[PDB]
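**Student:** Have a peek at final-v8.pdb (PDB, C-alpha atoms (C1' of nucleotides) and all ligand atoms).
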ATOM      1  CA  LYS A   6      22.834  -4.189  -8.402  1.00  0.00           C
ATOM      2  CA  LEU A   7      26.068  -4.608 -10.340  1.00  0.00           C
ATOM      3  CA  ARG A   8      24.229  -5.980 -13.371  1.00  0.00           C
ATOM      4  CA  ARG A   9      22.375  -2.655 -13.442  1.00  0.00           C
ATOM      5  CA  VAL A  10      25.505  -0.628 -14.309  1.00  0.00           C
ATOM      6  CA  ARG A  11      27.312  -2.790 -16.938  1.00  0.00           C
ATOM      7  CA  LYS A  12      30.780  -1.344 -16.295  1.00  0.00           C
ATOM      8  CA  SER A  13      32.878  -3.090 -13.681  1.00  0.00           C
ATOM      9  CA  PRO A  14      33.568  -1.504 -10.270  1.00  0.00           C
ATOM     10  CA  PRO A  15      36.520   0.919 -10.236  1.00  0.00           C
ATOM     11  CA  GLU A  16      39.710   0.406  -8.271  1.00  0.00           C
ATOM     12  CA  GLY A  17      38.619   1.152  -4.680  1.00  0.00           C
ATOM     13  CA  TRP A  18      35.809  -1.428  -4.745  1.00  0.00           C
ATOM     14  CA  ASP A  19      37.650  -4.052  -2.694  1.00  0.00           C
ATOM     15  CA  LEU A  20      37.639  -1.709   0.323  1.00  0.00           C
ATOM     16  CA  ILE A  21      33.921  -0.882   0.414  1.00  0.00           C
ATOM     17  CA  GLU A  22      32.522  -4.220  -0.856  1.00  0.00           C
ATOM     18  CA  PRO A  23      32.915  -6.205   2.414  1.00  0.00           C
ATOM     19  CA  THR A  24      30.898  -3.516   4.198  1.00  0.00           C
ATOM     20  CA  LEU A  25      28.358  -2.975   1.396  1.00  0.00           C
ATOM     21  CA  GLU A  26      27.669  -6.704   1.315  1.00  0.00           C
ATOM     22  CA  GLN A  27      26.835  -6.616   5.037  1.00  0.00           C
ATOM     23  CA  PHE A  28      24.334  -3.797   4.508  1.00  0.00           C
ATOM     24  CA  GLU A  29      22.576  -5.968   1.923  1.00  0.00           C
ATOM     25  CA  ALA A  30      22.531  -8.827   4.424  1.00  0.00           C
ATOM     26  CA  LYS A  31      20.875  -6.523   6.972  1.00  0.00           C
ATOM     27  CA  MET A  32      18.361  -5.201   4.446  1.00  0.00           C
ATOM     28  CA  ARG A  33      17.231  -8.678   3.402  1.00  0.00           C
ATOM     29  CA  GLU A  34      16.524  -9.452   7.060  1.00  0.00           C
ATOM     30  CA  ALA A  35      14.685  -6.179   7.661  1.00  0.00           C
ATOM     31  CA  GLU A  36      12.563  -6.792   4.568  1.00  0.00           C
ATOM     32  CA  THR A  37      11.531 -10.208   5.894  1.00  0.00           C
ATOM     33  CA  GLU A  38      11.408 -10.187   9.710  1.00  0.00           C
ATOM     34  CA  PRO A  39       7.865 -10.753  11.031  1.00  0.00           C
ATOM     35  CA  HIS A  40       5.427  -7.845  11.087  1.00  0.00           C
ATOM     36  CA  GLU A  41       3.927  -8.879  14.466  1.00  0.00           C
ATOM     37  CA  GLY A  42       4.767  -7.591  17.916  1.00  0.00           C
ATOM     38  CA  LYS A  43       5.691  -4.227  16.339  1.00  0.00           C
ATOM     39  CA  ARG A  44       3.613  -1.135  15.690  1.00  0.00           C
ATOM     40  CA  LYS A  45       2.242  -0.554  12.225  1.00  0.00           C
ATOM     41  CA  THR A  46       4.839   2.220  11.851  1.00  0.00           C
ATOM     42  CA  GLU A  47       7.787   0.413  13.488  1.00  0.00           C
ATOM     43  CA  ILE A  48       8.023  -2.344  10.874  1.00  0.00           C
ATOM     44  CA  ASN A  49       9.051   0.151   8.178  1.00  0.00           C
ATOM     45  CA  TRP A  50      11.680   1.921  10.307  1.00  0.00           C
ATOM     46  CA  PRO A  51      14.479  -0.676   9.895  1.00  0.00           C
ATOM     47  CA  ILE A  52      14.337  -0.158   6.115  1.00  0.00           C
ATOM     48  CA  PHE A  53      15.035   3.569   6.457  1.00  0.00           C
ATOM     49  CA  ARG A  54      17.636   3.136   9.147  1.00  0.00           C
ATOM     50  CA  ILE A  55      19.714   0.709   7.091  1.00  0.00           C
ATOM     51  CA  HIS A  56      19.276   2.868   3.997  1.00  0.00           C
ATOM     52  CA  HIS A  57      20.525   5.897   5.952  1.00  0.00           C
ATOM     53  CA  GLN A  58      23.602   4.018   7.158  1.00  0.00           C
ATOM     54  CA  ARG A  59      24.551   2.655   3.743  1.00  0.00           C
ATOM     55  CA  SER A  60      24.433   6.097   2.181  1.00  0.00           C
ATOM     56  CA  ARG A  61      26.262   7.556   5.181  1.00  0.00           C
ATOM     57  CA  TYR A  62      28.996   4.971   4.799  1.00  0.00           C
ATOM     58  CA  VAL A  63      29.626   5.792   1.142  1.00  0.00           C
ATOM     59  CA  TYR A  64      29.369   9.488   1.983  1.00  0.00           C
ATOM     60  CA  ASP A  65      31.771   9.300   4.923  1.00  0.00           C
ATOM     61  CA  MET A  66      34.283   7.232   2.943  1.00  0.00           C
ATOM     62  CA  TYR A  67      34.618   9.827   0.192  1.00  0.00           C
ATOM     63  CA  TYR A  68      33.963  13.086   2.046  1.00  0.00           C
ATOM     64  CA  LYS A  69      35.273  12.506   5.579  1.00  0.00           C
ATOM     65  CA  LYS A  70      37.780   9.722   5.019  1.00  0.00           C
ATOM     66  CA  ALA A  71      38.732  10.177   1.316  1.00  0.00           C
ATOM     67  CA  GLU A  72      39.306   6.398   1.136  1.00  0.00           C
ATOM     68  CA  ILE A  73      37.426   6.070  -2.188  1.00  0.00           C
ATOM     69  CA  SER A  74      38.105   8.403  -5.057  1.00  0.00           C
ATOM     70  CA  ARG A  75      35.478  10.232  -7.124  1.00  0.00           C
ATOM     71  CA  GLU A  76      35.005   7.502  -9.698  1.00  0.00           C
ATOM     72  CA  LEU A  77      34.102   4.836  -7.155  1.00  0.00           C
ATOM     73  CA  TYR A  78      31.930   7.266  -5.202  1.00  0.00           C
ATOM     74  CA  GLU A  79      30.009   8.239  -8.320  1.00  0.00           C
ATOM     75  CA  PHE A  80      29.881   4.558  -9.255  1.00  0.00           C
ATOM     76  CA  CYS A  81      28.212   3.807  -5.922  1.00  0.00           C
ATOM     77  CA  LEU A  82      25.577   6.471  -6.590  1.00  0.00           C
ATOM     78  CA  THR A  83      24.897   5.050 -10.069  1.00  0.00           C
ATOM     79  CA  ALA A  84      24.764   1.478  -8.783  1.00  0.00           C
ATOM     80  CA  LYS A  85      22.258   2.743  -6.142  1.00  0.00           C
ATOM     81  CA  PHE A  86      24.314   1.608  -3.201  1.00  0.00           C
ATOM     82  CA  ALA A  87      23.890   5.205  -2.007  1.00  0.00           C
ATOM     83  CA  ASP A  88      20.712   7.313  -1.617  1.00  0.00           C
ATOM     84  CA  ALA A  89      22.375  10.247  -3.475  1.00  0.00           C
ATOM     85  CA  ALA A  90      19.222  12.372  -3.269  1.00  0.00           C
ATOM     86  CA  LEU A  91      19.621  12.098   0.534  1.00  0.00           C
ATOM     87  CA  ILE A  92      23.385  12.691   0.339  1.00  0.00           C
ATOM     88  CA  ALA A  93      22.588  15.935  -1.408  1.00  0.00           C
ATOM     89  CA  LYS A  94      20.976  16.990   1.883  1.00  0.00           C
ATOM     90  CA  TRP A  95      23.915  15.998   4.103  1.00  0.00           C
ATOM     91  CA  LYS A  96      26.125  18.346   2.095  1.00  0.00           C
ATOM     92  CA  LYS A  97      23.806  21.211   3.066  1.00  0.00           C
ATOM     93  CA  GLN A  98      24.545  23.474   5.977  1.00  0.00           C
ATOM     94  CA  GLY A  99      22.061  22.567   8.717  1.00  0.00           C
ATOM     95  CA  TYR A 100      21.007  19.102   7.434  1.00  0.00           C
ATOM     96  CA  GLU A 101      24.272  17.205   7.920  1.00  0.00           C
ATOM     97  CA  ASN A 102      22.766  14.630  10.358  1.00  0.00           C
ATOM     98  CA  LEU A 103      19.437  14.139   8.565  1.00  0.00           C
ATOM     99  CA  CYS A 104      17.436  10.953   8.899  1.00  0.00           C
ATOM    100  CA  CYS A 105      15.414  10.095   5.785  1.00  0.00           C
ATOM    101  CA  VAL A 106      14.062  12.430   3.092  1.00  0.00           C
ATOM    102  CA  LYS A 107      10.406  12.140   4.090  1.00  0.00           C
ATOM    103  CA  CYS A 108      11.012  14.096   7.308  1.00  0.00           C
ATOM    104  CA  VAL A 109      12.278  17.198   5.428  1.00  0.00           C
ATOM    105  CA  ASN A 110       9.489  16.980   2.815  1.00  0.00           C
ATOM    106  CA  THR A 111       6.864  19.242   4.527  1.00  0.00           C
ATOM    107  CA  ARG A 112       4.282  18.879   1.731  1.00  0.00           C
ATOM    108  CA  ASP A 113       3.210  15.432   2.991  1.00  0.00           C
ATOM    109  CA  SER A 114       2.409  16.754   6.485  1.00  0.00           C
ATOM    110  CA  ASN A 115      -0.992  18.075   7.482  1.00  0.00           C
ATOM    111  CA  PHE A 116       0.024  21.628   8.351  1.00  0.00           C
ATOM    112  CA  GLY A 117       2.754  22.037   5.754  1.00  0.00           C
ATOM    113  CA  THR A 118       5.583  21.616   8.237  1.00  0.00           C
ATOM    114  CA  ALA A 119       8.755  19.542   8.262  1.00  0.00           C
ATOM    115  CA  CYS A 120       8.789  16.645  10.631  1.00  0.00           C
ATOM    116  CA  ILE A 121       9.180  17.055  14.390  1.00  0.00           C
ATOM    117  CA  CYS A 122      12.564  15.361  14.634  1.00  0.00           C
ATOM    118  CA  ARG A 123      14.162  18.288  12.819  1.00  0.00           C
ATOM    119  CA  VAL A 124      13.041  20.893  15.446  1.00  0.00           C
ATOM    120  CA  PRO A 125      16.567  21.741  16.806  1.00  0.00           C
ATOM    121  CA  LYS A 126      15.692  19.099  19.407  1.00  0.00           C
ATOM    122  CA  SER A 127      17.586  21.020  22.066  1.00  0.00           C
ATOM    123  CA  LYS A 128      15.098  23.867  21.567  1.00  0.00           C
ATOM    124  CA  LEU A 129      11.966  21.738  21.486  1.00  0.00           C
ATOM    125  CA  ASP A 130      11.221  21.099  25.148  1.00  0.00           C
ATOM    126  CA  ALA A 131      12.894  20.403  28.466  1.00  0.00           C
ATOM    127  CA  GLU A 132      12.184  16.645  28.559  1.00  0.00           C
ATOM    128  CA  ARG A 133      10.098  15.553  25.554  1.00  0.00           C
ATOM    129  CA  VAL A 134      11.193  12.223  24.057  1.00  0.00           C
ATOM    130  CA  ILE A 135      10.341  11.816  20.359  1.00  0.00           C
ATOM    131  CA  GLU A 136      10.070   9.009  17.833  1.00  0.00           C
ATOM    132  CA  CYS A 137       8.708  10.496  14.648  1.00  0.00           C
ATOM    133  CA  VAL A 138       6.277   8.343  12.719  1.00  0.00           C
ATOM    134  CA  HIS A 139       8.198   8.308   9.436  1.00  0.00           C
ATOM    135  CA  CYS A 140      11.406   6.665  10.651  1.00  0.00           C
ATOM    136  CA  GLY A 141      11.579   6.674  14.457  1.00  0.00           C
ATOM    137  CA  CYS A 142      14.235   9.386  14.378  1.00  0.00           C
ATOM    138  CA  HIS A 143      14.711  10.843  17.840  1.00  0.00           C
ATOM    139  CA  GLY A 144      16.042  14.182  16.672  1.00  0.00           C
ATOM    140  CA  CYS A 145      18.329  14.917  13.741  1.00  0.00           C
ATOM    141  CA  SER A 146      19.468  18.493  14.186  1.00  0.00           C
ATOM    142  CA  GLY A 147      21.085  18.550  17.642  1.00  0.00           C
TER     143      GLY A 147
ATOM    144  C1'   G B   1      24.673  18.144  16.997  1.00  0.00           C
ATOM    145  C1'   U B   2      28.217  19.992  13.092  1.00  0.00           C
ATOM    146  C1'   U B   3      31.113  24.180  10.870  1.00  0.00           C
ATOM    147  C1'   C B   4      33.484  28.803  12.501  1.00  0.00           C
ATOM    148  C1'   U B   5      35.303  32.449  16.349  1.00  0.00           C
ATOM    149  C1'   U B   6      38.921  33.243  20.271  1.00  0.00           C
ATOM    150  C1'   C B   7      41.003  34.589  25.384  1.00  0.00           C
ATOM    151  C1'   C B   8      39.269  30.252  26.278  1.00  0.00           C
ATOM    152  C1'   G B   9      34.959  28.406  27.929  1.00  0.00           C
ATOM    153  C1'   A B  10      32.123  30.525  26.316  1.00  0.00           C
ATOM    154  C1'   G B  11      29.935  33.011  21.803  1.00  0.00           C
ATOM    155  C1'   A B  12      27.878  33.148  16.398  1.00  0.00           C
ATOM    156  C1'   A B  13      25.388  30.968  11.978  1.00  0.00           C
ATOM    157  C1'   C B  14      22.610  26.802   9.914  1.00  0.00           C
ATOM    158  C1'   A B  15      18.545  23.647  11.355  1.00  0.00           C
ATOM    159  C1'   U B  16      12.056  24.755  13.643  1.00  0.00           C
ATOM    160  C1'   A B  17       6.728  21.258  15.678  1.00  0.00           C
ATOM    161  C1'   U B  18       5.479  14.478  12.566  1.00  0.00           C
ATOM    162  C1'   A B  19       1.064  11.288  13.943  1.00  0.00           C
ATOM    163  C1'   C B  20      -7.454   8.692  12.943  1.00  0.00           C
ATOM    164  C1'   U B  21      -1.228   9.859  17.492  1.00  0.00           C
ATOM    165  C1'   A B  22      -2.113   1.867  19.367  1.00  0.00           C
ATOM    166  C1'   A B  23       1.985  -3.621  19.421  1.00  0.00           C
ATOM    167  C1'   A B  24      -4.302  -2.176  21.773  1.00  0.00           C
ATOM    168  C1'   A B  25      -8.698  -2.441  25.478  1.00  0.00           C
ATOM    169  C1'   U B  26     -13.793  -1.959  24.853  1.00  0.00           C
ATOM    170  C1'   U B  27     -18.731  -2.035  21.966  1.00  0.00           C
ATOM    171  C1'   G B  28     -22.383  -2.754  17.793  1.00  0.00           C
ATOM    172  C1'   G B  29     -24.419  -4.194  12.542  1.00  0.00           C
ATOM    173  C1'   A B  30     -25.458  -7.424   8.319  1.00  0.00           C
ATOM    174  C1'   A B  31     -26.130 -12.667   6.145  1.00  0.00           C
ATOM    175  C1'   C B  32     -26.041 -18.194   7.063  1.00  0.00           C
ATOM    176  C1'   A B  33     -28.772 -23.628   7.407  1.00  0.00           C
ATOM    177  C1'   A B  34     -33.302 -25.717   7.846  1.00  0.00           C
ATOM    178  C1'   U B  35     -36.023 -29.214  11.310  1.00  0.00           C
ATOM    179  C1'   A B  36     -42.438 -30.269   9.952  1.00  0.00           C
ATOM    180  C1'   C B  37     -45.480 -27.633   7.472  1.00  0.00           C
ATOM    181  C1'   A B  38     -48.796 -25.091   2.997  1.00  0.00           C
ATOM    182  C1'   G B  39     -49.232 -22.249  -1.062  1.00  0.00           C
ATOM    183  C1'   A B  40     -47.105 -17.378  -4.842  1.00  0.00           C
ATOM    184  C1'   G B  41     -51.353 -11.142  -9.660  1.00  0.00           C
ATOM    185  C1'   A B  42     -56.277 -10.836 -13.205  1.00  0.00           C
ATOM    186  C1'   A B  43     -64.957 -11.574 -11.249  1.00  0.00           C
ATOM    187  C1'   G B  44     -65.094 -20.902 -13.018  1.00  0.00           C
ATOM    188  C1'   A B  45     -60.389 -22.970 -14.551  1.00  0.00           C
ATOM    189  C1'   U B  46     -55.123 -22.749 -17.219  1.00  0.00           C
ATOM    190  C1'   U B  47     -51.981 -18.476 -17.629  1.00  0.00           C
ATOM    191  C1'   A B  48     -48.084 -14.144 -21.053  1.00  0.00           C
ATOM    192  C1'   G B  49     -47.404  -9.586 -19.731  1.00  0.00           C
ATOM    193  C1'   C B  50     -46.925  -3.596 -19.632  1.00  0.00           C
ATOM    194  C1'   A B  51     -48.176   0.055 -16.360  1.00  0.00           C
ATOM    195  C1'   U B  52     -49.640   2.736 -11.505  1.00  0.00           C
ATOM    196  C1'   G B  53     -47.980   4.386  -5.586  1.00  0.00           C
ATOM    197  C1'   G B  54     -43.289   5.055  -1.912  1.00  0.00           C
ATOM    198  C1'   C B  55     -40.135   6.050   5.354  1.00  0.00           C
ATOM    199  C1'   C B  56     -39.351  -1.407   0.898  1.00  0.00           C
ATOM    200  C1'   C B  57     -35.144  -3.506  -1.570  1.00  0.00           C
ATOM    201  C1'   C B  58     -31.686  -6.899  -4.811  1.00  0.00           C
ATOM    202  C1'   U B  59     -28.674  -8.098  -9.729  1.00  0.00           C
ATOM    203  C1'   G B  60     -27.004  -4.530 -13.316  1.00  0.00           C
ATOM    204  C1'   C B  61     -22.092   0.597 -16.092  1.00  0.00           C
ATOM    205  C1'   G B  62     -27.159   1.945 -16.648  1.00  0.00           C
ATOM    206  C1'   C B  63     -32.328   6.881 -18.368  1.00  0.00           C
ATOM    207  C1'   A B  64     -31.391  -0.967 -20.931  1.00  0.00           C
ATOM    208  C1'   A B  65     -33.150  -5.460 -18.912  1.00  0.00           C
ATOM    209  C1'   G B  66     -34.266  -8.656 -14.656  1.00  0.00           C
ATOM    210  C1'   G B  67     -36.011 -10.380  -9.384  1.00  0.00           C
ATOM    211  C1'   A B  68     -43.869 -14.036  -8.457  1.00  0.00           C
ATOM    212  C1'   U B  69     -45.691  -8.554 -13.792  1.00  0.00           C
ATOM    213  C1'   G B  70     -39.529  -8.418  -7.256  1.00  0.00           C
ATOM    214  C1'   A B  71     -42.641  -7.775  -2.741  1.00  0.00           C
ATOM    215  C1'   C B  72     -46.873  -4.718  -0.704  1.00  0.00           C
ATOM    216  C1'   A B  73     -52.123  -2.455  -2.788  1.00  0.00           C
ATOM    217  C1'   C B  74     -56.956  -6.416  -1.810  1.00  0.00           C
ATOM    218  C1'   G B  75     -62.975  -3.130   2.650  1.00  0.00           C
ATOM    219  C1'   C B  76     -65.577  -1.365   8.886  1.00  0.00           C
ATOM    220  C1'   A B  77     -64.841   0.794   1.341  1.00  0.00           C
ATOM    221  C1'   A B  78     -69.009   5.690   5.895  1.00  0.00           C
ATOM    222  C1'   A B  79     -66.692  12.704   4.788  1.00  0.00           C
ATOM    223  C1'   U B  80     -69.124  18.962   5.642  1.00  0.00           C
ATOM    224  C1'   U B  81     -76.624  17.469   6.929  1.00  0.00           C
ATOM    225  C1'   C B  82     -82.154  15.967   7.593  1.00  0.00           C
ATOM    226  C1'   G B  83     -87.535  16.068   6.591  1.00  0.00           C
ATOM    227  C1'   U B  84     -92.077  13.576   7.485  1.00  0.00           C
ATOM    228  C1'   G B  85     -97.196  11.951   9.707  1.00  0.00           C
ATOM    229  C1'   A B  86     -99.892   7.757  12.673  1.00  0.00           C
ATOM    230  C1'   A B  87     -99.879   5.419  17.874  1.00  0.00           C
ATOM    231  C1'   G B  88     -98.849   4.685  23.459  1.00  0.00           C
ATOM    232  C1'   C B  89     -98.901   7.862  26.570  1.00  0.00           C
ATOM    233  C1'   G B  90     -98.947  12.595  31.462  1.00  0.00           C
ATOM    234  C1'   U B  91    -101.995   6.002  34.715  1.00  0.00           C
ATOM    235  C1'   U B  92    -105.893   3.417  33.800  1.00  0.00           C
ATOM    236  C1'   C B  93    -110.426  -1.410  33.022  1.00  0.00           C
ATOM    237  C1'   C B  94    -113.161  -5.943  33.187  1.00  0.00           C
ATOM    238  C1'   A B  95    -120.309  -7.375  36.411  1.00  0.00           C
ATOM    239  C1'   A B  96    -126.623 -11.942  37.695  1.00  0.00           C
ATOM    240  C1'   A B  97    -129.341 -18.213  33.424  1.00  0.00           C
ATOM    241  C1'   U B  98    -133.745 -20.133  35.519  1.00  0.00           C
ATOM    242  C1'   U B  99    -135.983 -21.102  40.299  1.00  0.00           C
ATOM    243  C1'   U B 100    -137.984 -24.494  44.652  1.00  0.00           C
ATOM    244  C1'   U B 101    -138.956 -25.573  49.957  1.00  0.00           C
TER     245        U B 101
HETATM  246 MG    MG A 201     -57.049 -16.110 -12.933  1.00  0.00          MG
HETATM  247 MG    MG A 202     -40.781 -12.319 -13.557  1.00  0.00          MG
HETATM  248 ZN    ZN A 203      14.889  12.995  11.774  1.00  0.00          ZN
HETATM  249 ZN    ZN A 204      13.171  10.623   8.904  1.00  0.00          ZN
HETATM  250 ZN    ZN A 205      10.981  12.765  11.408  1.00  0.00          ZN
END
Using the file provided, produce a representation of the structure as structure tokens.
**Tutor:**
Amino acid sequence: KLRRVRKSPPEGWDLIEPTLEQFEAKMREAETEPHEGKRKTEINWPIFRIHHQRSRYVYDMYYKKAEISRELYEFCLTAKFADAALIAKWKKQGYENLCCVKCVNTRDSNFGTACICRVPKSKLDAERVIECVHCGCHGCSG
RNA sequence: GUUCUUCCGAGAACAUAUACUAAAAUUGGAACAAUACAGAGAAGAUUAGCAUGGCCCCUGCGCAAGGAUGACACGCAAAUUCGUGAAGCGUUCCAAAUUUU
């Protein structure tokens, strides 16, 4: 992924790189672990869950923790360590805990509705447990 | 759940209904390979073909071209209706040459 950006990592990179290298180690496993004993949906869910974390790490480091500047943060987006289309949601009021992108999309559903996991999951029902088909998210609004 | 309110443990905004919903459990439909056995249209025989028909297909992009001319067609071939004069009958047969005590 560093060959894709030609310029070298800016100054902060030593801090994030040990973590970012572990997310790649996870993702190579999740790409390759056997597709048997799991539902046809479940096998995809590790990909989205690791992708969500990795973007959330880069996002938390700059926005919550300020431990990377702008130039390294924007470097991470350009390298594609971070899902920056998704991060654009987390900035939004009311989406700050979002799972993937596909659950907000609406247009890919049958009835033109966002996914179920959004549904202020407090409001939804007294006891209903949920694992939405796109990414197994249990409820990402609170 | 996260950002704001404060009298303080509550309130306000944002956010709003995914999924042939299965890691299954049941239950069907096609084509294969080939034992021993004989022969695939055209008034004797050897044989191109092109058509015709439809609850029959196959190869083909196909209104081309192929598959035995792809196969089948292959007889009791019976569909609107009569008109004539003879004869049994009506219940019934069949017979003494001559001649002597
Ligand atoms: Mg002949
Ligand atoms: Mg032929
Ligand atoms: Zn979600
Ligand atoms: Zn999702
Ligand atoms: Zn969802």
**Student:** One decimal, in Å: what's the spacing between atom CA of residue A:59 and atom CA of residue A:40?
**Tutor:**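 Computed distance, atom CA of residue A:59 to atom CA of residue A:40, equals 23.0 Å.
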**Student:** For atom CA of residue A:146 and atom CA of residue A:125, quote the distance in Å rounded to one decimal.
**Tutor:**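 Answer for the atom CA of residue A:146 to atom CA of residue A:125 separation: 5.1 Å.
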**Student:** Could you name the residues that touch residue A:124 at 12 Å or less, counting only C-alpha atoms (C1' of nucleotides), but leaving out those on the same chain fewer than 5 positions away, as a VMD selection string?
**Tutor:** (chain A and resid 99 to 100 103 108 to 109 118 to 119 129 to 130 133 135 137 142 to 147) or (chain B and resid 15 to 18)
**Student:** Could you give me the residues within 8 Å of ligand MG 202 (chain A), counting only C-alpha atoms (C1' of nucleotides) and all ligand atoms, as a ChimeraX atom specification?
**Tutor:** /B:66-70
**Student:** Using 6 Å as the limit and counting all atoms listed in the file, can you tabulate each residue of chain A that touches ligand ZN 204 (chain A), with its shortest atom-to-atom distance in Å and the two atoms involved, as JSON lines?
**Tutor:**
{"residue": "A:104", "atom": "CA", "partner": "A:ZN204", "partner_atom": "ZN", "distance": 4.3}
{"residue": "A:105", "atom": "CA", "partner": "A:ZN204", "partner_atom": "ZN", "distance": 3.9}
{"residue": "A:107", "atom": "CA", "partner": "A:ZN204", "partner_atom": "ZN", "distance": 5.8}
{"residue": "A:108", "atom": "CA", "partner": "A:ZN204", "partner_atom": "ZN", "distance": 4.4}
{"residue": "A:139", "atom": "CA", "partner": "A:ZN204", "partner_atom": "ZN", "distance": 5.5}
{"residue": "A:140", "atom": "CA", "partner": "A:ZN204", "partner_atom": "ZN", "distance": 4.7}
{"residue": "A:142", "atom": "CA", "partner": "A:ZN204", "partner_atom": "ZN", "distance": 5.7}
**Student:** Go ahead and save the picked residues with C-alpha atoms, as a PDB file, keeping the file's coordinate frame.
**Tutor:**
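Contents of the output file result08.pdb:
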ATOM      1  CA  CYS A 104      17.436  10.953   8.899  1.00  0.00           C
ATOM      2  CA  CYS A 105      15.414  10.095   5.785  1.00  0.00           C
ATOM      3  CA  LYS A 107      10.406  12.140   4.090  1.00  0.00           C
ATOM      4  CA  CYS A 108      11.012  14.096   7.308  1.00  0.00           C
ATOM      5  CA  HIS A 139       8.198   8.308   9.436  1.00  0.00           C
ATOM      6  CA  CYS A 140      11.406   6.665  10.651  1.00  0.00           C
ATOM      7  CA  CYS A 142      14.235   9.386  14.378  1.00  0.00           C
TER       8      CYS A 142
END
**Student:** Given the file shown, enumerate the residues that the PyMOL selection byres ((chain B) within 12 of (chain A and not hetatm)) captures and present them as a list in words.
**Tutor:**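 For this structure, the PyMOL selection byres ((chain B) within 12 of (chain A and not hetatm)) resolves to residues 1, 2, 3, 13, 14, 15, 16, 17, 18, 19, 21, 22, 23 and 24 of chain B.
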**Student:** Would you list the contacts of stretch 76-82 of chain A as number ranges by chain, taking every protein, DNA or RNA residue within 10 Å and counting only C-alpha atoms (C1' of nucleotides), but skipping same-chain residues closer than 3 positions in sequence?
**Tutor:** A: 6-7, 10, 12-18, 21, 25, 60, 63-64, 66-68, 71-73, 85-90, 92
**Student:** Would you mind reading off the distance between atom ZN of ligand ZN 205 (chain A) and atom CA of residue A:28, one decimal, in Å?
**Tutor:**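 For atom ZN of ligand ZN 205 (chain A) relative to atom CA of residue A:28, the distance reads 22.4 Å.
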**Student:** Residues within 10 Å of ligand MG 201 (chain A) (all atoms listed in the file), as a VMD selection string?
**Tutor:** chain B and resid 41 to 47
**Student:** From the set A:53, A:32, A:22, A:83, which residue has the shortest atom-to-atom contact distance to ligand ZN 203 (chain A), counting all atoms listed in the file?
**Tutor:** A:53
**Student:** Tell me which of A:26, A:69, A:57, A:62 sits closest to ligand ZN 203 (chain A), counting only C-alpha atoms and all ligand atoms.
**Tutor:** A:57
**Student:** Would you kindly identify which residues have an atom no farther than 12 Å from (11.6, -6.7, 3.1), using all atoms listed in the file and the file's own coordinates, and write them out as a count of residues only?
**Tutor:** 19
**Student:** Using the chain letters and residue numbers of this document, give as a list in words the residues selected by the PyMOL selection byres (((chain B and resi 57) around 9) and not hetatm).
**Tutor:** residues 56, 58, 70 and 71 of chain B
**Student:** Taking only C-alpha atoms and all ligand atoms into account, which of A:84, A:91, A:106, A:131 comes nearest ligand ZN 203 (chain A)?
**Tutor:**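 Among A:84, A:91, A:106, A:131, it is A:106 that comes nearest to ligand ZN 203 (chain A).
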**Student:** Using all atoms listed in the file, pick whichever of B:38, B:82, B:11, B:73 has the shortest atom-to-atom distance to residue B:54.
**Tutor:**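 Checking each candidate against residue B:54, we get B:73 as the closest.
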**Student:** Taking all atoms of stretch 29-44 of chain A that the file lists and extending 8 Å past them on each side, where is the centre of the axis-aligned box and how long are its edges? Answer in Å to one decimal, as lines of an AutoDock Vina configuration file.
**Tutor:**
center_x = 13.1
center_y = -5.9
center_z = 9.9
size_x = 35.0
size_y = 25.6
size_z = 32.0
**Student:** When distances are computed from only C-alpha atoms and all ligand atoms, which of A:134, A:23, A:74, A:141 shows the smallest separation from ligand ZN 203 (chain A)?
**Tutor:**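 Ranking A:134, A:23, A:74, A:141 by distance to ligand ZN 203 (chain A), first place goes to A:141.
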**Student:** Some atoms are absent from stretch 122-130 of chain A, so rebuild N, CA and C atoms and return them as a PDB file, in the coordinates of the input.
**Tutor:**
ATOM      1  N   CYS A 122      11.201  15.743  14.309  1.00  0.00           N
ATOM      2  CA  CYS A 122      12.564  15.361  14.634  1.00  0.00           C
ATOM      3  C   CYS A 122      13.587  16.399  14.205  1.00  0.00           C
ATOM      4  N   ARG A 123      13.303  17.165  13.164  1.00  0.00           N
ATOM      5  CA  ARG A 123      14.162  18.288  12.819  1.00  0.00           C
ATOM      6  C   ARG A 123      14.313  19.295  13.963  1.00  0.00           C
ATOM      7  N   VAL A 124      13.211  19.732  14.548  1.00  0.00           N
ATOM      8  CA  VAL A 124      13.041  20.893  15.446  1.00  0.00           C
ATOM      9  C   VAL A 124      14.127  21.271  16.459  1.00  0.00           C
ATOM     10  N   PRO A 125      15.301  21.816  16.061  1.00  0.00           N
ATOM     11  CA  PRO A 125      16.567  21.741  16.806  1.00  0.00           C
ATOM     12  C   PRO A 125      16.664  21.023  18.133  1.00  0.00           C
ATOM     13  N   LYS A 126      16.245  19.764  18.223  1.00  0.00           N
ATOM     14  CA  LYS A 126      15.692  19.099  19.407  1.00  0.00           C
ATOM     15  C   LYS A 126      16.195  19.532  20.797  1.00  0.00           C
ATOM     16  N   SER A 127      17.340  20.183  20.903  1.00  0.00           N
ATOM     17  CA  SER A 127      17.586  21.020  22.066  1.00  0.00           C
ATOM     18  C   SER A 127      16.487  22.051  22.313  1.00  0.00           C
ATOM     19  N   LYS A 128      16.056  22.791  21.284  1.00  0.00           N
ATOM     20  CA  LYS A 128      15.098  23.867  21.567  1.00  0.00           C
ATOM     21  C   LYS A 128      13.732  23.347  21.979  1.00  0.00           C
ATOM     22  N   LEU A 129      13.372  22.137  21.545  1.00  0.00           N
ATOM     23  CA  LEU A 129      11.966  21.738  21.486  1.00  0.00           C
ATOM     24  C   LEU A 129      11.282  21.809  22.841  1.00  0.00           C
ATOM     25  N   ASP A 130      11.862  21.160  23.844  1.00  0.00           N
ATOM     26  CA  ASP A 130      11.221  21.099  25.148  1.00  0.00           C
ATOM     27  C   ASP A 130      12.249  20.588  26.144  1.00  0.00           C
TER      28      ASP A 130
END
